[PDB]
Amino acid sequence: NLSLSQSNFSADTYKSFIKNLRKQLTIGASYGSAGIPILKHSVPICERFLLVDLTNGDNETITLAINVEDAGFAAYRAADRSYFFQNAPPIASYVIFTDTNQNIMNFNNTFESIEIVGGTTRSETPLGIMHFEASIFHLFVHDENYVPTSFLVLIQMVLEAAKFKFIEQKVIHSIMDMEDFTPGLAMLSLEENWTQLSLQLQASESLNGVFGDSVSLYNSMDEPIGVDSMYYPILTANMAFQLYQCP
């Protein structure tokens, strides 16, 4: 399984992990005019998950199950206990972490369900190596006080970074600066719109690369930028892969 130990967590290593994660998610990906891979769809439940291993400062590891169809966590294993989201595919139970004591968490893998249950937003949740490591611990022992916050951190640093080079580069800056950051509007707007941008960018085939509706992607100065076409470098040299939407 693809791994990222905090004991070996440089800018170079992080980038290599994220790069490989993209590669594995984009196996059998379809391609449009934009040249940005589209994730697989109608994948049989037996082949639908990609396993990823995250190790903390104690050499203790969690194995996360990433749905290849949408690059979200369906579940994770820790020693011999596994934990599933409610909205995880119903038959996932019978396919992954089969030889463990399975639990169902009382919420969905969406940021909205996590922020509701956790009682805190992404805007007030710092990110960084120190927090990356802390989240693996808290998921390994499964202290339910911290479980929601730990997913905010890890979804953003692994999956949303895989989705967006901007987010990948936010984490890289943090690694080399040795300094934490809370996500800004730029980051959050990319997380918010990944689903919508996937639709508009695939519908854009119809109108020579022009969107059906504009998408506001904020910059680092908190100025919105309307993206209503495939001809924006902040979309094209940023979004690594996209959700299947249109045939």
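Counting begins at 1, following the sequence as shown.
As listed in the deposited structure, the average C-alpha B-factor of 150 to 158 and of 104 to 112 is greater for 104 to 112. When the two stretches 6 to 14 and 235 to 243 are set side by side, the higher mean Cα temperature factor goes to 6 to 14. As recorded in the PDB entry, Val95 shows the highest C-alpha B-factor of the residues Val171, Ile136, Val95, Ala71. Placement of the Cα temperature factor of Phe132 within the chain: middle third of the modelled residues, per the deposited record. Sorting the modelled residues of the chain by their CA temperature factor places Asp213 in the middle third.
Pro37: CA B factor lies in the middle third for its chain, per the PDB record. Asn219: CA B factor in the lowest third of modelled residues in this chain (values from the PDB entry). In the deposited entry, the Cα temperature factor of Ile27 sits in the bottom third of values across the chain's modelled residues.
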